[PDB]
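Coordinates in review
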Amino acid sequence: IXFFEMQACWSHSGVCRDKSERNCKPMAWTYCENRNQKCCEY
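A few points on the structure. (Residues numbered from 1 in each chain as written, not as in the entry; some residues may be left out. Heavy atoms only, no water. Residues with missing side-chain atoms left out of burial classes, pairs and counts.)

As a further point, take the pattern of salt bridges. On inspection of all chains with the given rule, the structure shows 1 salt bridge. We note a salt bridge from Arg-17 to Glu-21, for which the minimum N-O separation is 3.9 Å. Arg-17 gets classed as partly exposed once you look at its relative accessible area, which sits at 36%. On the basis of relative accessibility, which here comes to 30%, the residue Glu-21 falls in the partly exposed class. (Salt bridge = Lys/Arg side-chain N within 4 Å of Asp/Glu carboxyl O. Buried < 20%, exposed > 50% of the residue type's maximum accessible area, 1.4 Å probe, protein only.)

Below you can see the structure in the form of structure tokens.
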């Protein structure tokens, strides 16, 4: 139900940075709670 079977950005070990960042490494199998923030590794 939705798109895929991703996990929580805080459930594993990630962070939510600004989508307009220049130094953000987007990680899969996980998403952010905000609709304007991406779940990056660090």
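Looking now at the side chain of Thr-30. Locating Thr-30 in the fold gives a position in the loop between β1 (15-18) and β2 (37-40). You can call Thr-30 buried: its relative accessible area is 11%. Of note is the side chain of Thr-30, whose polar atom sits 3.3 Å from the backbone nitrogen of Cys-9. Dropping the residues within four chain positions of it, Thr-30 is found in contact with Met-6, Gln-7, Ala-8, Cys-9 and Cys-39. (Helix = DSSP H or I, 4+ residues; strand = E, 2+ residues; numbered from the N terminus. Polar contact = N/O pair within 3.5 Å; in protein donor to acceptor, adjacent residues only side chain to side chain. Contact = heavy atoms within 4.5 Å.)

On to the state of the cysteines, then. What the rule picks out here adds up to 3 disulfides. Bridging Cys-9 to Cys-39, the disulfide has an S-S length of 2.0 Å. Taking the sign of the S-S torsion, 90° for the link of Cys-9 and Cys-39, the bridge is right-handed. Pair noted here: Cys-9 is in the segment before β1 and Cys-39 is in strand β2, with a separation of 30 residues, a long-range link. Overall, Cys-9 belongs to the buried group, its relative accessible area being 2%. Two residues, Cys-16 and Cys-32, share a disulfide whose sulfurs are 2.0 Å apart. (Disulfide = S-S within 2.5 Å.)

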